[PDB]
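# Notes for the structure review
Spelled out, the chains give:
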Amino acid sequence: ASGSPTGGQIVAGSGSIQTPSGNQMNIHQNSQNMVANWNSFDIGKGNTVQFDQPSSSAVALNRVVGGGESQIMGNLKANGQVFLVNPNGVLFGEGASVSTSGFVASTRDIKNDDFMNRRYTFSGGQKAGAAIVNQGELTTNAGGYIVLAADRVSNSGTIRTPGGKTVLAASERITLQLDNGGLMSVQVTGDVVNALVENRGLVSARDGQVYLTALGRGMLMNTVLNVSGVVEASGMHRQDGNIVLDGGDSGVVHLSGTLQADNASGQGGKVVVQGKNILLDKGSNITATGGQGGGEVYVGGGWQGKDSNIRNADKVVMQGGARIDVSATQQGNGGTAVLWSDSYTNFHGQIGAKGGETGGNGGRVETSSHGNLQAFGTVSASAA
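Header annotation of the entry names X-ray crystallography as the structure determination method and lists the resolution as 1.76 Å.

Written out as structure tokens, the structure is:
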């Protein structure tokens, strides 16, 4: 645990490093893509690391080749984009602030040549027990992205990617395709033992998208994806989903917090919750309401499990006191809410799909299973 990154050297691209003076380290970048290796990459409280980059779409890769888990307690700022790779993991402290146009923290490595060719695929080299934990504040400029990729990813603080994307991913491999400085798409493949993505804090991608994906192996009923806080992607409805949870083909996806994709001045967003076993616990709240129309919430599959782009669950359990709301609030039709499984759907919660107060028809709700169905909750899908 040091106060500032040390042992830095530019090994690809063109740039310069200045050690701390006045509690701030300055890293200047000349090329569009730059690689710096670091003995360590810690930032103490009250200290800043400032990247001065040629373009908001420039990328600096920072690889820790020393031994310690990165301790980021102070500030990291950049006008462009920053990748931080540490096989031993990263902790962002309660006071930490990271503010960039796009930020990746990964325990999986990337090859220098791939990165300098703008082929952003990360895999291999992680140490056993390495996690990425955020207890501070990670934020990007509008349209940027934040990607945290490790065997275990935990957010108890705040992540904000307005008009952009947040991706928390526990997988063996992750590939980022960037388009004009924005995150165009993400592919995650390969299972990881004890894979875990947990959000006790706040993830907010206003007018953006949040994607949480954990791929474990042989969990039985160990949790792979746990959201006890708030995931919010209010704004324009997106066909590919405003909030997408994917627990893979093993383990439990547990929601006790809130997934929020509302749109007071339009149609509600789309929330997709996938996994093998999904538990919507008491107090959980999935809301995709819209002033001009309700949104779509799919838990365990699409309508009757016939959406190839949504994984079909084996079991879905919605506890009493859990709620889903796809209502239209002002004018327009209620949205669509689906609980689906292949083997067992136990519905004890509340699903709302009302039409607008000033007009509109009730929405469409399905609580079903290819196998066993226990439907004991409440569904309100009526006009006002």
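Sheet analysis places strand 14 (residues 131-134) next to strand 17 (residues 152-155), joined by 4 bridges and oriented parallel. Within strand 17, the position partnered with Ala-131 by the bridge is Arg-152. Sheet analysis places strand 17 next to strand 22 (residues 196-199), joined by 4 bridges and oriented parallel. Looking at the pairing, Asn-155 lines up with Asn-199 of strand 22.

Let's shift gears to the pattern of salt bridges. Per the counting criterion, the structure on display carries 8 salt bridges. For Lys-111, the salt bridge goes to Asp-114, with nearest N and O atoms at 2.9 Å. Here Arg-119 ties to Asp-114 by a salt bridge, and the two come within 3.8 Å at their closest N and O atoms. Take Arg-119: its relative accessible area is 47%, and that puts it in the partly exposed class. Taking the relative accessible area as the measure of exposure, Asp-114 reaches 12% and is therefore buried. Residues joined in a network through salt bridges with shared partners are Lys-111, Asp-114 and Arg-119.

Turning our attention to the sheet that holds strand 13 (residues 120-123). A sheet is described by the order of its strands in space; here 3 strands give the open sequence 13-20-21, paired in antiparallel fashion. This sheet does not close on itself; its edge strands, each paired only once, are strand 13 and strand 21 (182-189). Direction aside, the axes of adjacent strands within the sheet are offset by 15 degrees on average.

Structurally, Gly-268 is set in the loop between strand 29 (258-260) and strand 30 (270-274). Along the primary structure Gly-268 and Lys-127 are separated by 141 residues, whereas in three dimensions their C-alpha atoms are 42 Å apart. With residues up to four places along the chain from it excluded, the contact list for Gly-268 reads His-237, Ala-261, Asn-263, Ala-288, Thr-289, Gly-290, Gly-293, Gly-294 and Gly-295.

Turning next to the sheet that holds strand 7 (residues 70-72). Strand order in the open sheet formed by 11 strands is 7-10-14-17-22-25-28-31-34-37-40, and the pairing between neighbours is parallel. At either margin of the open sheet sits one strand with a lone partner, and together these are strand 7 and strand 40 (372-375). Across the sheet, the axes of successive neighbouring strands diverge by a mean angle of 5 degrees, strand direction being ignored.

Reading the values: rules and limits
- Residues numbered from 1 in each chain as written, not as in the entry; some residues may be left out.
- Heavy atoms only, no water.
- Pairing = 2+ DSSP bridges.
- Helix = DSSP H or I, 4+ residues; strand = E, 2+ residues; numbered from the N terminus.
- Salt bridge = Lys/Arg side-chain N within 4 Å of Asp/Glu carboxyl O.
- Buried < 20%, exposed > 50% of the residue type's maximum accessible area, 1.4 Å probe, protein only.
- Axes fitted to C-alpha atoms, helices over the stretch in contact; angles between N-to-C directions.
- Contact = heavy atoms within 4.5 Å.

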